[PDB]
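Novice: The structure is given below, and queries will be raised subsequently.
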Amino acid sequence: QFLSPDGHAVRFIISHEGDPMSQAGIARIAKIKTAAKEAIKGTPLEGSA
Amino acid sequence: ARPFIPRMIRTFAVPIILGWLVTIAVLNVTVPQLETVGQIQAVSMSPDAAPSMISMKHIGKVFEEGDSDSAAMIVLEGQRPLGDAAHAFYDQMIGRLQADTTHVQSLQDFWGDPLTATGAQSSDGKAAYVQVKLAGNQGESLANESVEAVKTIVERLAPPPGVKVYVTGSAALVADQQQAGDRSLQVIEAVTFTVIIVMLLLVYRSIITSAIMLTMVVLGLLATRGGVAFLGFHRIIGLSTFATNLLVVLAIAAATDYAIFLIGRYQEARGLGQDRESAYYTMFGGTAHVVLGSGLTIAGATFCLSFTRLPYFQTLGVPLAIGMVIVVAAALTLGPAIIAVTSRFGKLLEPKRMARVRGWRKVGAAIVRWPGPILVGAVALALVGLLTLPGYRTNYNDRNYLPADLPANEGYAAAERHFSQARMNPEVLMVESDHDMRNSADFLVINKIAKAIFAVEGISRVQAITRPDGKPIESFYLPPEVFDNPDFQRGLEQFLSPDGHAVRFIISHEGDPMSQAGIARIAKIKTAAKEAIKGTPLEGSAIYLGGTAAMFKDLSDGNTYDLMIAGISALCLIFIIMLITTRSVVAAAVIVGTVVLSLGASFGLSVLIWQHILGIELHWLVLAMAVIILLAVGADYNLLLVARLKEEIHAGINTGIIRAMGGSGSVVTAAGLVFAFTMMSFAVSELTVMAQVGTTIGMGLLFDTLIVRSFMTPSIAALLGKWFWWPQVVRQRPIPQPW
Amino acid sequence: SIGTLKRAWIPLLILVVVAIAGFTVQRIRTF
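For the record, the sequence lines run as chains E, D and B. For the first sequence, the authors' numbering begins at 707 and goes up steadily by one. Just so we're aligned: the second sequence equals residues 20 to 493, 688 to 952 in the authors' numbering. For the third sequence, the authors' numbering begins at 1 and goes up steadily by one.
Encoded structure:
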């Protein structure tokens with residue numbers, strides 16, 4: 707369900723608060739991307755897509 | 020009848036010419052040139068009491084690694100992963116470098132230590148590096164010969180096959196940039212020489228008059244240079260390379276300004292129909308006080324510039340004022356003397372044809388008759404200039420402003436090829452507590468600090484005692694017995710003060726550490742390092758941060774504050790001189806407004822051309838030099854034009870405007886264009902920063918002369934009317950004379 | 001009085017301007 711069949715990927719299913727399609731909901735996604743990038747920094751997954 | 024001063028100048032013309040020549044001779048033969056005397060007593064460019072400088076000195080003092088802040092790197096890479104021979108030659112080299120205590124103070128041996136070697140080696144095990152602490156601060160000659168000595172000591176011995184050695188860092192960068200400027204000098208001088216000759220032959224349509232002007236300018240320049248080098252040679256006043264360069268530029272600008280002033284007034288007077296003697300007397304009586312006032316105003320402003328705190332302007336205050344005073348003295352004594360000699364002896368200064376005066380009188384007619392619409396056109400152009408100003412960025416990295424063949428640039432290229440961070444420009448953090456830190460709980464706090472630093476948006480590595488390879492992302690435990698392993702003790706001396714009272718972490722950014730983001734990041738580093746200790750026993754300790762980005766943040770703050778100091782000083786002095794000359798309080802205000810507006814529009818056009826279109830960002834020094842030169846030249850030209858206009862008021866306000874335009878607009882335009890294109894011929898230089906400065910000044914003077922000074926201020930004067938001379942009472946038109 | 005004040009308005013105005021400029025420059029410098 708979650709990992710890729712060949713084992714080179716993972717996916718997380720993220721649900722917002724309130725109204726996802728207001729200004730704040732639109733602004734949140736950049737923060738999500740930055741948070742993931744900083745979470746993988748320094749680990750052997752560094753530099754992934 | 021004939022005033023005292025011109026009669027004495029002209030009667031003793033030949034002896035004073037001989038005196039000037041002999042003085043220049045003696046001052047240029049017995050005293051070295053400006054480049055050498057400047058280099059022997061150069062000064063460090065970082066302020067003495069900036070937050071970063073104190074931190075570097077203290078960090079050096081505590082760990083006993085010198086009192087300087089210059090450093091360099093050695094990059095070691097090969098086409099095959101390094102082996103035992105690599106270690107062998109690395110050790111031999113490091114012994115050799117440590118043998119020479121004269122030039123290198125202390126060293127940072129990481130790759131030779133197995134525990135920390137992972138943090139001193141590439142991810143694929145193909146590259147290494149070392150840090151060397153070098154004698155002398157930044158910009159002092161000592162650093163230069165020290166880095167050259169290290170280059171020689173490293174390149175004397177041949178590396179083993181398969182690998183290659185570089186020298187890298189910021190010290191090598193500054194040394195090689197000095198060499199590169201020296202190299203570019205020859206070509207840039209050749210091209211500017213040809214361009215200036217072309218422009219002078221074009222403005223005058225003669226060979227003899229151009230030669231005489233070149234003579235005036237070169238005598239003035241040599242006198243100024245020799246005198247200032249004489250003063251600086253005996254340690255009477257301070258000097259610096261930046262000071263000498265800007266002094267040369269200002270000397271040329273002022274000398275040509277005054278020479279054109281005088282010769283143009285002479286030729287105009289002769290054209291009116293006066294004989295030689297009366298022409299000489301009227302040129303002197305019409306231009307002497309203007310030249311004197313302009314010279315003293317520029318000298319005063321450039322002296323007031325000396326109260327600045329950032330050394331780039333502090334050291335620049337006295338020498339430029341002395342040089343300007345010498346220039347004005349020379350161009351007030353030697354100038355009219357040789358003009359008189361040349362006019363008397365033969366037939367050399369002789370106006371030919373008359374096509375500029377009539378055209379400029381026509382332009383003045385257009386300005387007078389329809390002053391409103393022309394004003395809105397000029398302000399519209401200034402607006403299109405101004406609107407691009409608010410979006411303005413600046414870059415402090417000097418790596419990407421030089422050609423790529425400098426050795427330091429190949430060193431950087433290798434480092435970027437084998438490393439994915441900016442590992443050549445690290446930083447150092449320090450915490451100074453009041454108790455011994457060689458224990459467990461203090462180590463837990465140390466790791467807390469390291470992790471808090473690692474989590475900042477931008478940092479890539481944080482190298483600490485806990486993790487020498489720079490990835491503190493793990688839970689920690691080090692049982693107390695670890696203080697007995699000799700390897701751990703070696704790392705302990707490398708990373709902890711021998712007293713045990715201090716810690717330091719090495720912080721390497723991602724991307725360019727010198728862009729705006731790399732400057733804004735250090736404040737966050739400090740905040741995180743302060744909040745990491747909050748609540749632990751280490752609270753209240755002192756935190757130092759020494760590195761390149763810290764220095765550049767300090768310099769940027771000082772730069773903005775010093776720009777505003779210099780702006781207020783210069784603008785108020787312009788106000789004072791205009792008030793003294795015109796005895797009008799609205800005229801001086803109008804001149805101040807126009808000059809500031811012109812600076813704004815000029816720099817708006819420059820930033821539109823250089824960053825938006827060509828896609829290269831301006832430097833962090835262009836603003837200062839550009840504004841200095843533009844303000845000086847504007848003061849000069851505005852003073853001449855307004856003095857002439859005041860002179861011709863008596864026969865009506867506006868026919869005075871057209872007469873003044875015909876008389877002096879041509880002279881100011883000629884001077885502006887000659888200087889502007891002399892500077893504009895610098896665009897072909899391969900040191901792009903000099904290209905930026907030259908092009909900015911050039912385009913600025915083009916816009917000033919061809920749009921502002923010729924269409925905006927005469928139009929304003931003709932529009933306001935008699936209210937340009939308040940509080941003095943004047944008439945729009947004289948009494949109506951009969952037929 | 002009126003005469004001695006309006007007969008020398010220029011020097012007093014320059015004094016005022018220099019005083020203001022010196023005060024502002026001193027205050028800015030301390031930063």
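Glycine included, every Cβ here is placed at the ideal spot set by N, Cα and C.
1) From D:438, D:802, D:246, pick the residue whose C-alpha is nearest to that of residue 790 (chain D); which is it?
2) To the nearest whole angstrom, what separates the beta carbons of residue 762 (chain D) and residue 727 (chain D), a pair I think is in contact under 8 Å?
3) Is it true that the CB of residue 915 (chain D) sits closer than 8 Å to the CB of residue 877 (chain D)?
4) Going by beta carbon distance, what residues of the same chain come within less than 7 Å of residue 380 (chain D), once the five residues before and after it are set aside?
5) I need the straight-line Cα distance from residue 271 (chain D) to residue 319 (chain D), nearest angstrom please.
6) Which chain B residues sit within Cβ distance under 8 Å of residue 792 (chain D)?
7) State yes or no: is the C-beta of residue 66 (chain D) within less than 8 Å of the C-beta of residue 330 (chain D)?
8) Please tell me whether residue 744 (chain E) has its Cβ less than 8 Å away from any Cβ of chain D.
9) Throw me the rounded Cβ distance for the residue 355 (chain D) and residue 299 (chain D) pair, which I believe falls under 8 Å.
10) Check whether the stretch 61 to 76 of chain D and the stretch 753 to 770 of chain D touch, using three or more Cβ-Cβ pairs below 8 Å as the test.
11) For residue 63 (chain D), which of helix, strand or coil comes out of DSSP?
12) Can you give me the start and stop residues for the beta strand (DSSP E) that residue 756 (chain D) sits inside?
13) For residue 76 (chain D), tell me which candidate among D:155, D:882, D:771 has the shortest Cα-Cα distance.
14) Below 8 Å on the Cβ atoms is my guess for residue 87 (chain D) versus residue 79 (chain D); work out the distance and round it to an integer in Å.
15) According to DSSP, is residue 431 (chain D) helix, strand or coil?
16) What first and last residue would you give for the alpha helix (DSSP H) that runs through residue 75 (chain D)?
17) Since residue 148 (chain D) sits in a beta bridge, which residues does DSSP pair it with?
18) Kindly indicate which three-state DSSP category residue 183 (chain D) falls into: helix, strand or coil?
19) Return the Cβ separation of residue 909 (chain D) and residue 420 (chain D) in integer angstroms, given the expectation that the two are a contact with Cβ distance under 8 Å.
20) Would you call the CB atoms of residue 280 (chain D) and residue 310 (chain D) closer than 8 Å?
21) In whole angstroms, give me the CA-to-CA distance for residue 177 (chain D) and residue 201 (chain D).
22) Counting only beta-carbon separations shorter than 8 Å, does residue 24 (chain B) have a partner in chain D?
23) To the nearest angstrom, how far is it from the Cα of residue 931 (chain D) to the Cα of residue 867 (chain D)?
24) Measuring only the C-alpha atoms, how far is residue 729 (chain E) from residue 735 (chain E)?
25) Once you ignore the five residues that flank residue 814 (chain D) on each side, which residues in its own chain have a CB closer than 7 Å to its CB?
26) Under 8 Å Cβ to Cβ from residue 293 (chain D), same chain only, skipping five residues before and after it: list those, please.
27) Along chain D, which residues have their Cβ under 9 Å away from the Cβ of residue 29 (chain B)?
28) With a cut-off of 8 Å, do at least 3 Cβ pairs link the stretch 126 to 140 of chain D to the stretch 169 to 183 of chain D?
29) Closest to residue 124 (chain D) by C-alpha separation, out of D:143, D:107, D:475, D:162, would be which residue?
30) Residues of chain D with CB under 9 Å from residue 748 (chain E), in chain order?
31) Find the residues of chain E that neighbour residue 476 (chain D), judging by a C-beta separation of less than 8 Å, and give them in chain order.
32) Which of helix, strand or coil does DSSP assign to residue 332 (chain D)?
33) Looking at C-alpha atoms only, which residue of D:365, D:196, D:435, D:396 is the closest neighbour of residue 142 (chain D)?
34) Only counting the same chain, and skipping five residues up and downstream in sequence, which positions put a Cβ closer than 8 Å to that of residue 849 (chain D)?
35) So, with DSSP's three-state summary, where would you put residue 443 (chain D)?
36) Between which two residues does the beta strand (DSSP E) holding residue 126 (chain D) run?
Specialist: Taking the definition as stated:
1) D:802
2) 7 Å
3) no
4) 871, 874, 875
5) 18 Å
6) 10, 13, 14
7) yes
8) yes
9) 7 Å
10) yes
11) coil
12) 755 to 760
13) D:155
14) 7 Å
15) helix
16) 70 to 82
17) D:94
18) strand
19) Not really, about 15 Å apart at Cβ, beyond 8 Å.
20) yes
21) 29 Å
22) yes
23) 6 Å
24) 11 Å
25) 401, 404, 405, 916
26) 301
27) 326, 327, 328, 774, 778
28) no
29) D:162
30) 473, 479, 480, 489, 490, 491, 492
31) 740, 744
32) helix
33) D:435
34) 273, 276, 313, 317
35) coil
36) 123 to 127
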